[PDB]
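Novice: my sequence and its experimental structure, below.
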Amino acid sequence: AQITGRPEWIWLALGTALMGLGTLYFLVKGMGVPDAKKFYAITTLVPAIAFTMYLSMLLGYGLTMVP
């Protein structure tokens, strides 16, 4: 909780953590078990991408810096 001042930033961090957590479980389940492989990988990296997007915005290193 770096930016505790704004609850929106906290909500963002929470959202990113939620997505990251979900992606983590998806990866664990993915490993635990032609284009279907890519589709499945993406489906498993759904939370991974969500987290990356939320991080790029939270930190503002992939959003603020570049679109």
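Specialist: Happy to help now that I have it. Numbering: from 1, shown residues only.
Novice: report how many residues lie close to residue 54.
Specialist: If you count neighbours by other CB atoms under 10 Å, residue 54 ends up with 21. Any C-beta I mention is one placed from the backbone N, CA and C, and that applies to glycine too.
Novice: residue 16 now?
Specialist: Other residues near residue 16 come to 21 when the count uses other CB under 10 Å.
Novice: in contact with the closest residue to it other than its chain neighbours, which residues are there?
Specialist: Among residues not flanking residue 16 along the chain, residue 54 sits closest, at 3.4 Å (CB to CB, 6 or more residues apart in numbering). Contacts for residue 54 (CB atoms under 8 Å, 6 or more residues apart in numbering) come out as 12, 15-16, 19.
Novice: quick one: which of those is nearest residue 42?
Specialist: Among the contacts of residue 54, residue 19 lies closest to residue 42 (CB to CB), at 14.0 Å.
Novice: may I see the contacts of residue 54 arranged in JSON lines, with secondary structure and distance to residue 62 as well?
Specialist: Output for the contacts of residue 54, formatted as JSON lines (DSSP: H, G, I helix; E, B strand; the rest coil; distance: CB to CB, whole Å):
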{"residue": "12", "secondary structure": "helix", "distance to residue 62": "14"}
{"residue": "15", "secondary structure": "helix", "distance to residue 62": "16"}
{"residue": "16", "secondary structure": "helix", "distance to residue 62": "12"}
{"residue": "19", "secondary structure": "helix", "distance to residue 62": "15"}
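Novice: helix or strand: which one has the spatially most central residue of the chain?
Specialist: Centroid check for the chain by CA atoms, centre = their mean gives residue 51 as the closest residue, at 1.2 Å. Assigned by DSSP states H and E, residue 51 belongs to helix 46-58.
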